[PDB]
Ligand SMILES: O=c1ccn([C@@H]2O[C@H](COP(=O)(O)OP(=O)(O)O)[C@@H](O)[C@H]2O)c(=O)[nH]1
Ligand SMILES: O=P(O)(O)OC[C@@H]1O[C@@H](O)[C@H](O)[C@H](O)[C@H]1O
Ligand SMILES: OC[C@H]1O[C@H](O)[C@H](O)[C@@H](O)[C@@H]1O
């Protein structure tokens, strides 16, 4: 098996997660005949990969057959023990002969990549290197086994045509997880779901680009022995646009972390929410005028797509929910996070300063705490109950007064934790300042935009993504166009209720698998049969309905949402890959 | 036809002329 892809060592939301979750089961069920191919980027990928430059059995012949011939191929383990013997390929090591590879592409399939975008050039170069490695392996192994080559996305789709030109006896499977042409039309301010058969692919390809990419994608789909897509909705645009109906639907699964107790995810949520509460206390210093027990943490994560990931409708719903909470005289407050990576330069002074003063207050309270504890210990040793007024003197009251005065703040807490280099052109900040949300005292919702992926080694918010998601209360992902949707998937795996859409692969998958959804925390939101304003109103209604329920109802809802983890497990969802491999073997050679 | 090669190298290809997916469709069947 060869699961060649571009995201194996570099962290990107797509491809990387599905491969990392699949590797364990796909290796334990099959064995050491599982091989993974990907690129090399000088970004720290070697930190997570245990490279094996020295010769190693289980395809030891290529190391002394081709490595010392002007190429660069490594063998790694990934630090994940699913037996993922990964074949890492360097991109910049072999780039001096791009002209001959372009000529080879011209001879074979009249395709290639223009010099405008280096991403696709690197993808094609990696495809050439992968094809050379696979051919060398077949030559060295005397063609005794019939290996199956599987391809993900267009970043590794040139392998299909390269192998078909050379007629290598392998079973070809191609699985596209996102028709990028659909992605770039859905961002073109044009309706995409009302009609699909009225699109002219060649006319649209090129004004927004995606002409060579579309051509190579369709060539791979046609020439691949087995074609596959993520959701049933994915197959719909695949057969209507690429004119190649997928052989079988292959829903995306996850490696659920089973605990010895059913309620351990609740404890993880409690701890992570405590950490988020510490961050909130840091950010809203001098403005802690709202109860923190009535605070709910909403969030929308993923790549920074405004109209595709559904951030405009979420912000409109947040403004409306703020208006209803203000006019209803409610003590509930909602802190909404926005984890969408936009380029910054560093943090702003306000956020780091807020964390600093929060922990300075923590230190001052600690000091008074040890002094009080020592005096109380003396009193208990003597045998007299404290009268509570003889312990604290004038100096510690003086320093508490000084600390309180130092934390006084007149400006409002910032909406962005980082210092972005383009604030006049950022959609999120623009609409935030348009809808009049500035974390004010009167505001019932507080927006925090964290334009960066979460990491466990960050100066502020020392939580990785999974822990932070476990800490939140509701994940709102009203995405207009996205094939499957991972973020709601692990939200429901970790027990957090989520707001999906009927235009999403996750929402569609959970639509017909459960009778009466939204009773299990899956607030499916209709975006196909409703206008934008109606969808915003429905999102506001869903948010308010989540707000009105008490703590017991929230706990019960989280339990019900967690109970659905078995649907997205790779044990249940891995059978489709096995079926695809069986069809590929039957088509190529029994 | 090096003219087509240079033209597509520039990145601005035609659609109703000699550059279309019809040629790819007609040549892909020879590879399977
Ligand atoms: O701060 C973040 C936000 C998102 N993700 C990852 O990004 C993926 C989101 O994938 P999805 O299919 O939702 O959309 P994509 O970002 O791939 O377009 C999830 O698997 C998350 O694990 C992450 O690692 N850190
Ligand atoms: O954050 P809430 O919705 O109020 O949930 C409250 C917390 O939920 C879970 O983490 C645990 O059951 C905690 O014991 C509980 O205090
Ligand atoms: O469909 C699988 C997932 O990965 C894809 O590459 C897309 O980035 C994402 O939106 C999709 O949900």
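To match Swiss-Prot, the residue numbers of chain A are left as they are there, and the shown ones run 29-618.
Per the header of the entry, the method used was electron microscopy, 3.0 Å.
A Cβ is built for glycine as well, from the same backbone N, Cα and C atoms used for every other residue.
If you draw a 10 Å sphere around the CB of residue A:515 (UDP binding site), it holds 24 other CB atoms from the protein chains shown. In three-state terms derived from DSSP, residue A:515 (UDP binding site) belongs to a helical segment. Feature annotation from Swiss-Prot assigns UDP binding site to A:39, A:331, A:515.
When other Cβ atoms within 10 Å of the Cβ of residue A:513 (UDP-alpha-D-glucose binding site) are tallied across all protein chains shown, the result is 25. Annotation source Swiss-Prot lists UDP-alpha-D-glucose binding site at A:205, A:211, A:331, A:510, A:512, A:513, citing a large-scale study or a structure entry.
Among the features that Swiss-Prot reports, alpha-D-glucose 6-phosphate binding site is placed at A:291, A:292, A:294, A:297, A:301, A:501, A:582, A:586. The 10 Å shell around the Cβ of residue A:501 (alpha-D-glucose 6-phosphate binding site) contains 21 further Cβ atoms across the protein chains shown.
Reduced to three states, the DSSP call for residue A:412 (phosphoserine) is coil. Packing around residue A:412 (phosphoserine) is summarised by its Cβ count: 9 other Cβ atoms lie within 10 angstroms of its Cβ, all protein chains included. Feature annotation from Swiss-Prot assigns phosphoserine to A:412.
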| Diameter of the UDP-alpha-D-glucose binding set by C-alpha atoms, the set being A:205, A:211, A:331, A:510, A:512, A:513, in angstrom | 15
| note | Within 10 angstroms of the C-beta of residue A:297 (alpha-D-glucose 6-phosphate binding site), the count of other C-beta atoms across all shown chains comes to 23
| message | Are there any residues at least 6 positions away along the chain from residue A:586 (alpha-D-glucose 6-phosphate binding site) with a Cβ closer than 8 Å to its Cβ? List them or say none. | response | A:293, A:294, A:297, A:523, A:524, A:525, A:549
| field | Three-class DSSP secondary structure - residue A:211 (UDP-alpha-D-glucose binding site) | value | helix
| said: Going by DSSP, is residue A:292 (alpha-D-glucose 6-phosphate binding site) sitting in a helix, a strand, or coil? | reply: helix
| task | Enter the number of other CB atoms within 10 angstroms of the CB of residue A:301 (alpha-D-glucose 6-phosphate binding site). | result | 20
| request: Return the member of A:211, A:512, A:515 nearest to residue A:292 (alpha-D-glucose 6-phosphate binding site) in space, with distance defined Cα to Cα and candidates limited to these binding-site residues. | output: A:515
| message | List, in residue order, those recorded positions out of A:292, A:301, A:412, A:512, A:515 with a Cβ under 6 Å from any atom belonging to ligand 3. | response | A:512
